[PDB]
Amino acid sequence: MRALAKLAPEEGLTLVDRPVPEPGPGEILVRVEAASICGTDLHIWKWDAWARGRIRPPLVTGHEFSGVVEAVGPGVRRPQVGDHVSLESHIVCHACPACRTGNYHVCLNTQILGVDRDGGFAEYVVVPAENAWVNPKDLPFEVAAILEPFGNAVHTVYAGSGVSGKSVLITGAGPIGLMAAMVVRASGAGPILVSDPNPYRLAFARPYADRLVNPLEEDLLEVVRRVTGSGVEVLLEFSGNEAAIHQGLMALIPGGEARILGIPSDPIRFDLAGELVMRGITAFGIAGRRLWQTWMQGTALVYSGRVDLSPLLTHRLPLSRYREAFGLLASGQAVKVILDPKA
């Protein structure tokens, strides 16, 4: 089969041919129909600091994908051959304290498909049977392929007190932030403010947000004061940019909540007293997807039509042309790019 791999400790990826993996007990073989690309994949590709401390070549990458269950291992009762599925990238241990608590999304021994073991940028991939989420047969694979990143948005948005009937500020219009914009709008947030310095990304958030802000042309804190009268009740942070983080926290009203998915590249200077403790703020560290309630909430929204992810699918390319694909992503000229492993 065809597969995109990182064969050595350097830049780029390579198209190779590998035998079809085989599912043993508790596993299933999945025929990949669509897969997507995100920041993690871009770290691997550029072979930067992050990638260097986490990746161990050889590795077939790809952690955002959907396909059909082509085979199951001995004893696997579910899913079943023929089922259409989306995949949870985190493989949890079930033998640590986080798992005991039900906090699977932060399992101490978390292993990630396409990062720690072979992923979905291939025609076939073997994953744990418990990691498969069966979708309605009419759900387009393309959309099914991006439920994983969508989950991140969902998790962030519904963490804490949620967003229904509350003012919200989203800092970062990257793909997950655009997705969170769709979710807060379909959840009854209002007013909704989305802030991002890149025009191309902001635009994508226009049909959902009530006010778009380019922190580099308007004083975010002041637009917020004029839109709400003071501050927002909720801050959803997806960029990791330190100045946005500080601005965003200053934007919260006392007693508010900041939910943080964004990963800053370096430690930040933080005024614990001023930005959190003294104003009674609660900061939520968001990681992964809550195992099963995040998937339940998110697929509920998509299956029923409360949200429509389609406009986020800016490009479709055969896996063969992966280079053009990463290029588009890397340049900010795309939101969700789909790769087809059959071509």
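In case it trips you up, residue 1 is the first one in the sequence shown, and so on.
Regarding 111-119 and 210-218, which shows the higher C-alpha temperature factor on average in the entry? The stretch with the larger average C-alpha B-factor is 210-218.
Where do the C-alpha atoms have the higher mean temperature factor in this entry, in 125-133 or in 222-230? Higher mean C-alpha B-factor in the PDB entry: 222-230.
Deposited CA B-factor, highest of 156, 89, 265, 164: Among 156, 89, 265, 164, the PDB entry lists the largest C-alpha B-factor for 265.
Highest Cα temperature factor in the entry, among the options 189, 202, 85, 147: which one is it? It is 202.
When the modelled residues of the chain are sorted by Cα temperature factor, does residue 185 land in the lowest, middle or highest third? For residue 185, whose C-alpha B-factor we compare with every modelled residue in the chain, the answer is the lowest third.
Residue 314's Cα B-factor: lowest, middle or highest third of the chain? Top third by C-alpha B-factor.
Tell me, lowest, middle or highest third: where does the Cα B factor of residue 31 rank within its chain? Middle third - that is where residue 31 ends up once the chain's C-alpha B-factors are sorted.
Sort the modelled residues of this chain by their C-alpha B factor and say whether residue 243 lands in the lowest, middle or highest third. Middle third, going by the recorded CA B-factors of the chain.
Can you work out whether the C-alpha temperature factor of residue 300 puts it in the lowest, middle or highest third of the chain? CA B-factor rank for residue 300: lowest third.
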